[PDB]
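File shown: protein_29.pdb (PDB, N, CA and C atoms and all ligand atoms).
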ATOM      1  N   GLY A   1     229.002 116.886  75.539
ATOM      2  CA  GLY A   1     227.666 116.329  75.843
ATOM      3  C   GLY A   1     226.567 117.314  75.477
ATOM      4  N   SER A   2     225.554 116.853  74.734
ATOM      5  CA  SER A   2     224.450 117.673  74.196
ATOM      6  C   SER A   2     223.090 116.969  74.327
ATOM      7  N   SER A   3     222.003 117.749  74.368
ATOM      8  CA  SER A   3     220.613 117.264  74.414
ATOM      9  C   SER A   3     219.652 118.225  73.695
ATOM     10  N   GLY A   4     218.529 117.706  73.190
ATOM     11  CA  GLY A   4     217.511 118.472  72.457
ATOM     12  C   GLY A   4     216.620 119.351  73.347
ATOM     13  N   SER A   5     216.025 120.393  72.754
ATOM     14  CA  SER A   5     215.128 121.346  73.438
ATOM     15  C   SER A   5     213.715 120.793  73.709
ATOM     16  N   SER A   6     213.343 119.685  73.062
ATOM     17  CA  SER A   6     212.048 118.994  73.177
ATOM     18  C   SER A   6     212.194 117.476  72.969
ATOM     19  N   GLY A   7     211.147 116.706  73.284
ATOM     20  CA  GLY A   7     211.135 115.244  73.148
ATOM     21  C   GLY A   7     209.755 114.603  73.294
ATOM     22  N   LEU A   8     209.697 113.298  73.025
ATOM     23  CA  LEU A   8     208.510 112.462  73.226
ATOM     24  C   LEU A   8     208.426 112.032  74.700
ATOM     25  N   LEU A   9     207.232 112.148  75.278
ATOM     26  CA  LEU A   9     206.984 112.024  76.721
ATOM     27  C   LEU A   9     206.379 110.680  77.165
ATOM     28  N   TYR A  10     205.626 110.007  76.291
ATOM     29  CA  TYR A  10     204.879 108.775  76.597
ATOM     30  C   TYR A  10     205.325 107.611  75.712
ATOM     31  N   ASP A  11     205.314 106.384  76.238
ATOM     32  CA  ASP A  11     205.869 105.196  75.579
ATOM     33  C   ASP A  11     204.926 103.982  75.589
ATOM     34  N   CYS A  12     204.926 103.241  74.478
ATOM     35  CA  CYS A  12     204.283 101.938  74.324
ATOM     36  C   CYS A  12     205.116 100.835  75.004
ATOM     37  N   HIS A  13     204.463  99.990  75.806
ATOM     38  CA  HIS A  13     205.090  98.840  76.467
ATOM     39  C   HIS A  13     205.028  97.534  75.645
ATOM     40  N   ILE A  14     204.496  97.573  74.413
ATOM     41  CA  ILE A  14     204.411  96.415  73.499
ATOM     42  C   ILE A  14     205.468  96.490  72.385
ATOM     43  N   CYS A  15     205.641  97.673  71.778
ATOM     44  CA  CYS A  15     206.469  97.896  70.582
ATOM     45  C   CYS A  15     207.435  99.096  70.669
ATOM     46  N   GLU A  16     207.465  99.764  71.825
ATOM     47  CA  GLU A  16     208.445 100.798  72.186
ATOM     48  C   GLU A  16     208.353 102.124  71.399
ATOM     49  N   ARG A  17     207.315 102.309  70.569
ATOM     50  CA  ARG A  17     207.002 103.606  69.943
ATOM     51  C   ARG A  17     206.617 104.644  71.002
ATOM     52  N   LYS A  18     206.897 105.919  70.725
ATOM     53  CA  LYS A  18     206.727 107.029  71.675
ATOM     54  C   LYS A  18     205.894 108.176  71.100
ATOM     55  N   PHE A  19     205.312 108.984  71.986
ATOM     56  CA  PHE A  19     204.292 109.991  71.664
ATOM     57  C   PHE A  19     204.403 111.284  72.490
ATOM     58  N   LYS A  20     203.783 112.363  71.989
ATOM     59  CA  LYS A  20     203.775 113.695  72.623
ATOM     60  C   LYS A  20     202.803 113.804  73.801
ATOM     61  N   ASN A  21     201.643 113.146  73.709
ATOM     62  CA  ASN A  21     200.604 113.127  74.744
ATOM     63  C   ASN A  21     200.314 111.702  75.225
ATOM     64  N   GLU A  22     199.738 111.607  76.424
ATOM     65  CA  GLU A  22     199.239 110.347  76.982
ATOM     66  C   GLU A  22     198.126 109.775  76.094
ATOM     67  N   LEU A  23     197.256 110.651  75.574
ATOM     68  CA  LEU A  23     196.174 110.320  74.645
ATOM     69  C   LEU A  23     196.694 109.657  73.361
ATOM     70  N   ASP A  24     197.691 110.259  72.698
ATOM     71  CA  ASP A  24     198.250 109.735  71.440
ATOM     72  C   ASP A  24     198.815 108.312  71.592
ATOM     73  N   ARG A  25     199.438 108.029  72.742
ATOM     74  CA  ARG A  25     199.960 106.704  73.104
ATOM     75  C   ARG A  25     198.835 105.751  73.496
ATOM     76  N   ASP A  26     197.874 106.215  74.288
ATOM     77  CA  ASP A  26     196.759 105.406  74.781
ATOM     78  C   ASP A  26     195.877 104.866  73.642
ATOM     79  N   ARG A  27     195.583 105.674  72.606
ATOM     80  CA  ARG A  27     194.863 105.181  71.416
ATOM     81  C   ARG A  27     195.711 104.286  70.504
ATOM     82  N   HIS A  28     197.038 104.399  70.547
ATOM     83  CA  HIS A  28     197.941 103.451  69.886
ATOM     84  C   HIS A  28     197.914 102.065  70.557
ATOM     85  N   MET A  29     197.732 101.951  71.878
ATOM     86  CA  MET A  29     197.626 100.638  72.543
ATOM     87  C   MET A  29     196.463  99.776  72.012
ATOM     88  N   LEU A  30     195.441 100.390  71.403
ATOM     89  CA  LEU A  30     194.322  99.696  70.751
ATOM     90  C   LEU A  30     194.768  98.805  69.576
ATOM     91  N   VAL A  31     195.874  99.136  68.889
ATOM     92  CA  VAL A  31     196.414  98.309  67.786
ATOM     93  C   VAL A  31     196.951  96.960  68.287
ATOM     94  N   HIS A  32     197.354  96.907  69.562
ATOM     95  CA  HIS A  32     197.786  95.698  70.268
ATOM     96  C   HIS A  32     196.606  95.007  70.976
ATOM     97  N   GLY A  33     195.697  95.789  71.574
ATOM     98  CA  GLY A  33     194.469  95.310  72.226
ATOM     99  C   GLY A  33     193.472  94.617  71.283
ATOM    100  N   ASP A  34     193.588  94.838  69.970
ATOM    101  CA  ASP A  34     192.840  94.122  68.925
ATOM    102  C   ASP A  34     193.122  92.603  68.901
ATOM    103  N   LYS A  35     194.282  92.163  69.415
ATOM    104  CA  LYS A  35     194.664  90.750  69.576
ATOM    105  C   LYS A  35     194.104  90.164  70.889
ATOM    106  N   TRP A  36     192.774  90.182  71.027
ATOM    107  CA  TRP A  36     192.033  89.630  72.175
ATOM    108  C   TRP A  36     191.988  88.086  72.190
TER     109      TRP A  36
HETATM  110 ZN    ZN B 101     202.856  99.873  70.438
END

Once more with this new file: its structure as structure tokens, please.
Amino acid sequence: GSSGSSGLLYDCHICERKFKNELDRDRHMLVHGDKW
């Protein structure tokens, strides 16, 4: 059993893509929020 020294911390609830910061994920949610 093995695991990496680093990883992605934040996740999209629309398309399951992941990010290093809350900011990087939060501005990605705008690509889904455009479908108003
Ligand atoms: Zn997404």

Practice task
All residues within 7 Å of ligand ZN 101 (chain B) are required, counting all atoms listed in the file; please report them as a list in words.
Solution key: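 Residues satisfying the distance criterion: residues 11, 12, 13, 14, 15, 16, 17, 28, 29, 31 and 32 of chain A.
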
Exercise for the section: Identify, with DSSP run on backbone atoms, the residues in chain A assigned to helix (DSSP H, G or I), and express the list as a PyMOL selection string. Expected result: chain A and resi 22-28+30-33

Output file for the selection above: N, CA and C atoms, as an mmCIF file, in the coordinates of the input:
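This is the output file out_30.cif:
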data_model
loop_
_atom_site.group_PDB
_atom_site.id
_atom_site.type_symbol
_atom_site.label_atom_id
_atom_site.label_comp_id
_atom_site.auth_asym_id
_atom_site.auth_seq_id
_atom_site.Cartn_x
_atom_site.Cartn_y
_atom_site.Cartn_z
ATOM 1 N N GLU A 22 199.738 111.607 76.424
ATOM 2 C CA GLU A 22 199.239 110.347 76.982
ATOM 3 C C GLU A 22 198.126 109.775 76.094
ATOM 4 N N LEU A 23 197.256 110.651 75.574
ATOM 5 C CA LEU A 23 196.174 110.320 74.645
ATOM 6 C C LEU A 23 196.694 109.657 73.361
ATOM 7 N N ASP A 24 197.691 110.259 72.698
ATOM 8 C CA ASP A 24 198.250 109.735 71.440
ATOM 9 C C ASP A 24 198.815 108.312 71.592
ATOM 10 N N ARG A 25 199.438 108.029 72.742
ATOM 11 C CA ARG A 25 199.960 106.704 73.104
ATOM 12 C C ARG A 25 198.835 105.751 73.496
ATOM 13 N N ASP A 26 197.874 106.215 74.288
ATOM 14 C CA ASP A 26 196.759 105.406 74.781
ATOM 15 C C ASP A 26 195.877 104.866 73.642
ATOM 16 N N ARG A 27 195.583 105.674 72.606
ATOM 17 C CA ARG A 27 194.863 105.181 71.416
ATOM 18 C C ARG A 27 195.711 104.286 70.504
ATOM 19 N N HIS A 28 197.038 104.399 70.547
ATOM 20 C CA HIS A 28 197.941 103.451 69.886
ATOM 21 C C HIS A 28 197.914 102.065 70.557
ATOM 22 N N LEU A 30 195.441 100.390 71.403
ATOM 23 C CA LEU A 30 194.322 99.696 70.751
ATOM 24 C C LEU A 30 194.768 98.805 69.576
ATOM 25 N N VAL A 31 195.874 99.136 68.889
ATOM 26 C CA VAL A 31 196.414 98.309 67.786
ATOM 27 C C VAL A 31 196.951 96.960 68.287
ATOM 28 N N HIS A 32 197.354 96.907 69.562
ATOM 29 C CA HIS A 32 197.786 95.698 70.268
ATOM 30 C C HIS A 32 196.606 95.007 70.976
ATOM 31 N N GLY A 33 195.697 95.789 71.574
ATOM 32 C CA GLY A 33 194.469 95.310 72.226
ATOM 33 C C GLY A 33 193.472 94.617 71.283
#

Handout entry: Those of chain A in DSSP strand (DSSP E or B), formatted as number ranges by chain
Key = A: 10-11, 18-19

Exercise for the section: Report as a PyMOL selection string the residues that result from applying the PyMOL selection byres (((chain A and resi 20 and name CA) around 7) and not hetatm and name CA) to the structure here. Expected result: chain A and resi 8-10+19+21+24

Practice task
Record the distance separating atom C of residue 22 of chain A and atom C of residue 6 of chain A, expressed in Å with one decimal.
Solution key: 16.3 Å

Problem - Å distance separating atom N of residue 34 of chain A from atom CA of residue 18 of chain A, one decimal place - result: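 Separating atom N of residue 34 of chain A from atom CA of residue 18 of chain A is a distance of 18.0 Å.
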
Put the listed atoms of segment 12-27 of chain A in a box along x, y and z with 6 Å added on every side and give me the centre and edge lengths in Å to one decimal, as JSON.
{"center_x": 201.7, "center_y": 105.1, "center_z": 73.5, "size_x": 25.6, "size_y": 29.4, "size_z": 19.0}

Problem - Atomic distance atom C of residue 3 of chain A - atom N of residue 23 of chain A, expressed in Å with one decimal - result: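 Separation between atom C of residue 3 of chain A and atom N of residue 23 of chain A: 23.7 Å.
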
Coordinate excerpt as an mmCIF file, in the first residue's frame: segment 1-32 of chain A, N, CA, C and O atoms:
data_model
loop_
_atom_site.group_PDB
_atom_site.id
_atom_site.type_symbol
_atom_site.label_atom_id
_atom_site.label_comp_id
_atom_site.auth_asym_id
_atom_site.auth_seq_id
_atom_site.Cartn_x
_atom_site.Cartn_y
_atom_site.Cartn_z
ATOM 1 N N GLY A 1 0.837 -1.219 0.000
ATOM 2 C CA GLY A 1 0.000 0.000 0.000
ATOM 3 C C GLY A 1 0.861 1.254 0.000
ATOM 4 O O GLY A 1 1.774 1.373 0.822
ATOM 5 N N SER A 2 0.574 2.192 -0.909
ATOM 6 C CA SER A 2 1.352 3.427 -1.133
ATOM 7 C C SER A 2 0.447 4.650 -1.350
ATOM 8 O O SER A 2 -0.695 4.518 -1.798
ATOM 9 N N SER A 3 0.963 5.849 -1.056
ATOM 10 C CA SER A 3 0.284 7.139 -1.267
ATOM 11 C C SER A 3 1.285 8.260 -1.594
ATOM 12 O O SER A 3 2.459 8.188 -1.216
ATOM 13 N N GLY A 4 0.834 9.294 -2.313
ATOM 14 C CA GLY A 4 1.654 10.439 -2.733
ATOM 15 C C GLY A 4 1.957 11.444 -1.611
ATOM 16 O O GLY A 4 1.221 11.551 -0.625
ATOM 17 N N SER A 5 3.039 12.214 -1.775
ATOM 18 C CA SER A 5 3.489 13.241 -0.814
ATOM 19 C C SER A 5 2.656 14.538 -0.846
ATOM 20 O O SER A 5 2.748 15.355 0.074
ATOM 21 N N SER A 6 1.849 14.735 -1.892
ATOM 22 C CA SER A 6 0.971 15.897 -2.115
ATOM 23 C C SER A 6 -0.298 15.508 -2.894
ATOM 24 O O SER A 6 -0.396 14.397 -3.432
ATOM 25 N N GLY A 7 -1.286 16.407 -2.954
ATOM 26 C CA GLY A 7 -2.557 16.181 -3.653
ATOM 27 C C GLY A 7 -3.415 17.434 -3.832
ATOM 28 O O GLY A 7 -3.117 18.502 -3.290
ATOM 29 N N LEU A 8 -4.500 17.282 -4.593
ATOM 30 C CA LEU A 8 -5.525 18.310 -4.790
ATOM 31 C C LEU A 8 -6.508 18.291 -3.608
ATOM 32 O O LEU A 8 -6.953 17.227 -3.166
ATOM 33 N N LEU A 9 -6.822 19.475 -3.085
ATOM 34 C CA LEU A 9 -7.542 19.669 -1.819
ATOM 35 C C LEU A 9 -9.029 20.035 -1.965
ATOM 36 O O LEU A 9 -9.821 19.718 -1.074
ATOM 37 N N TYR A 10 -9.415 20.685 -3.066
ATOM 38 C CA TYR A 10 -10.769 21.213 -3.301
ATOM 39 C C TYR A 10 -11.404 20.600 -4.550
ATOM 40 O O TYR A 10 -10.701 20.328 -5.523
ATOM 41 N N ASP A 11 -12.724 20.398 -4.548
ATOM 42 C CA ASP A 11 -13.451 19.670 -5.594
ATOM 43 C C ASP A 11 -14.704 20.400 -6.104
ATOM 44 O O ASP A 11 -15.445 21.019 -5.334
ATOM 45 N N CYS A 12 -14.938 20.302 -7.415
ATOM 46 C CA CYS A 12 -16.159 20.725 -8.096
ATOM 47 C C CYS A 12 -17.292 19.707 -7.865
ATOM 48 O O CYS A 12 -17.114 18.502 -8.067
ATOM 49 N N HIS A 13 -18.477 20.196 -7.489
ATOM 50 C CA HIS A 13 -19.679 19.373 -7.303
ATOM 51 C C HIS A 13 -20.547 19.237 -8.573
ATOM 52 O O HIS A 13 -21.610 18.612 -8.521
ATOM 53 N N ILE A 14 -20.111 19.794 -9.714
ATOM 54 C CA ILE A 14 -20.813 19.708 -11.011
ATOM 55 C C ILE A 14 -20.138 18.701 -11.958
ATOM 56 O O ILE A 14 -20.828 17.904 -12.599
ATOM 57 N N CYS A 15 -18.800 18.738 -12.045
ATOM 58 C CA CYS A 15 -17.995 17.984 -13.019
ATOM 59 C C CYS A 15 -16.789 17.227 -12.425
ATOM 60 O O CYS A 15 -16.045 16.556 -13.145
ATOM 61 N N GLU A 16 -16.635 17.282 -11.099
ATOM 62 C CA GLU A 16 -15.685 16.479 -10.318
ATOM 63 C C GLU A 16 -14.189 16.804 -10.526
ATOM 64 O O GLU A 16 -13.320 16.113 -9.979
ATOM 65 N N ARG A 17 -13.860 17.875 -11.263
ATOM 66 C CA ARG A 17 -12.490 18.411 -11.345
ATOM 67 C C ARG A 17 -12.029 18.939 -9.982
ATOM 68 O O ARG A 17 -12.841 19.396 -9.177
ATOM 69 N N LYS A 18 -10.720 18.878 -9.725
ATOM 70 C CA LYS A 18 -10.117 19.208 -8.424
ATOM 71 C C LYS A 18 -8.985 20.231 -8.541
ATOM 72 O O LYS A 18 -8.413 20.412 -9.620
ATOM 73 N N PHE A 19 -8.695 20.919 -7.437
ATOM 74 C CA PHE A 19 -7.820 22.097 -7.385
ATOM 75 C C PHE A 19 -6.957 22.183 -6.114
ATOM 76 O O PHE A 19 -7.265 21.571 -5.087
ATOM 77 N N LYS A 20 -5.882 22.982 -6.180
ATOM 78 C CA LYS A 20 -4.927 23.195 -5.076
ATOM 79 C C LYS A 20 -5.448 24.147 -3.995
ATOM 80 O O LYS A 20 -5.186 23.925 -2.813
ATOM 81 N N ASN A 21 -6.191 25.184 -4.390
ATOM 82 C CA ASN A 21 -6.782 26.184 -3.494
ATOM 83 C C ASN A 21 -8.308 26.225 -3.623
ATOM 84 O O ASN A 21 -8.876 25.878 -4.660
ATOM 85 N N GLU A 22 -8.958 26.752 -2.585
ATOM 86 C CA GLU A 22 -10.398 27.025 -2.588
ATOM 87 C C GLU A 22 -10.743 28.047 -3.678
ATOM 88 O O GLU A 22 -11.713 27.870 -4.408
ATOM 89 N N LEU A 23 -9.884 29.061 -3.853
ATOM 90 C CA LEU A 23 -9.991 30.093 -4.886
ATOM 91 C C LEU A 23 -10.003 29.498 -6.301
ATOM 92 O O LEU A 23 -10.897 29.815 -7.082
ATOM 93 N N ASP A 24 -9.038 28.629 -6.630
ATOM 94 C CA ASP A 24 -8.927 28.018 -7.965
ATOM 95 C C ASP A 24 -10.185 27.224 -8.358
ATOM 96 O O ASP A 24 -10.629 27.282 -9.508
ATOM 97 N N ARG A 25 -10.795 26.539 -7.383
ATOM 98 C CA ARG A 25 -12.053 25.798 -7.546
ATOM 99 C C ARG A 25 -13.250 26.742 -7.610
ATOM 100 O O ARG A 25 -14.110 26.588 -8.472
ATOM 101 N N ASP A 26 -13.295 27.749 -6.745
ATOM 102 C CA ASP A 26 -14.399 28.705 -6.658
ATOM 103 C C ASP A 26 -14.580 29.510 -7.957
ATOM 104 O O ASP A 26 -15.714 29.670 -8.414
ATOM 105 N N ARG A 27 -13.488 29.955 -8.606
ATOM 106 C CA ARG A 27 -13.580 30.610 -9.926
ATOM 107 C C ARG A 27 -13.896 29.646 -11.076
ATOM 108 O O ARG A 27 -14.470 30.069 -12.077
ATOM 109 N N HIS A 28 -13.599 28.355 -10.931
ATOM 110 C CA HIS A 28 -14.053 27.322 -11.870
ATOM 111 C C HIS A 28 -15.576 27.106 -11.797
ATOM 112 O O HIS A 28 -16.194 26.893 -12.834
ATOM 113 N N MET A 29 -16.229 27.239 -10.636
ATOM 114 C CA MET A 29 -17.696 27.114 -10.545
ATOM 115 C C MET A 29 -18.453 28.130 -11.423
ATOM 116 O O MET A 29 -19.585 27.866 -11.831
ATOM 117 N N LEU A 30 -17.820 29.252 -11.788
ATOM 118 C CA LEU A 30 -18.370 30.255 -12.710
ATOM 119 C C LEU A 30 -18.643 29.694 -14.119
ATOM 120 O O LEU A 30 -19.572 30.155 -14.780
ATOM 121 N N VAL A 31 -17.896 28.673 -14.570
ATOM 122 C CA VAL A 31 -18.124 28.027 -15.883
ATOM 123 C C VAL A 31 -19.457 27.266 -15.926
ATOM 124 O O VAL A 31 -20.055 27.111 -16.991
ATOM 125 N N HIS A 32 -19.942 26.832 -14.757
ATOM 126 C CA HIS A 32 -21.246 26.192 -14.563
ATOM 127 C C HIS A 32 -22.339 27.227 -14.236
ATOM 128 O O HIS A 32 -23.447 27.151 -14.767
#
